[PDB]
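We begin with a single chain expressed as structure tokens, specifically the form deposited in one PDB entry.
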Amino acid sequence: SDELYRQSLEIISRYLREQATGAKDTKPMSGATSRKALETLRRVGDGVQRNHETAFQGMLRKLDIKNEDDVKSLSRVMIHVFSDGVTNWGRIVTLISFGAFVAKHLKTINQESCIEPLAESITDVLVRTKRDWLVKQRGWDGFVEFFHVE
């Protein structure tokens, strides 16, 4: 079945929910790669959110200004990011990192129910819109190899 989607949703969903609640979900997981990918995401996503916090905070404030479910507003933005024809791992980590930043805001305003749809909407953009690119790059295995030199 759609294993690339299933795996991507698992990694993104775990990262977003643990960043929101501050707790690591003790649940077993393409096992080894998903652990290596969530780990790479924890290190990389941490740095992105800190370094570009002012840009992230500014973007979020422009979504709140229109009283609406922040996830619906964000999904509408993410679907225009690759419209220049360029795809890379940096843009991909940034989308997930911004999703994690938004997931924390959702946890602050007591809207953690809309976190699952957020991870799913991001996964829909990455997998169902960039499947051909992800497959050529070896999926999440190309993700871990790009961010870590050996």
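Throughout, we count residues from 1 along the sequence that is shown. Take the two forms, superpose them, and find the largest set of C-alpha atoms that agree within 1.5 Å; that set is the rigid core.
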> Would you class the number of unmodelled deposited residues between residue 55 and residue 56 as none, 1 to 3, 4 to 9, or 10 or more?
Replying inline: none
>> So, looking at the entry's B-factor column for Cα atoms, which has the higher mean, 13-21 or 124-132?
In response: 13-21
> Which of these has the highest Cα B-factor in the record: 110, 94, 83, 88?
Replying inline: 110
>> Highest Cα temperature factor in the entry, among the options 29, 48, 119, 102: which one is it?
In response: 29
> If you rank the chain by CA B-factor, which third does residue 147 end up in: lowest, middle or highest?
Replying inline: highest
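This next part talks about the form deposited in another entry, which is not shown.
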> Where does the C-alpha shift reach 2 Å or more between the shown form and the other one among 38, 93, 125, 81, given a fit on the rigid core?
Replying inline: 81
>> residue 67: after superposing the rigid core, is there a C-alpha shift of 2 Å or more between the shown form and the other one?
In response: yes
> What happens to the Cα distance from residue 13 to residue 68 in that other deposited form: does it get closer or farther than here, with a change of 3 angstroms or more?
Replying inline: closer
> Knowing the Cα distance between residue 70 and residue 100 changes 3 Å or more in that other deposited form, does it shrink or grow relative to here?
Replying inline: farther
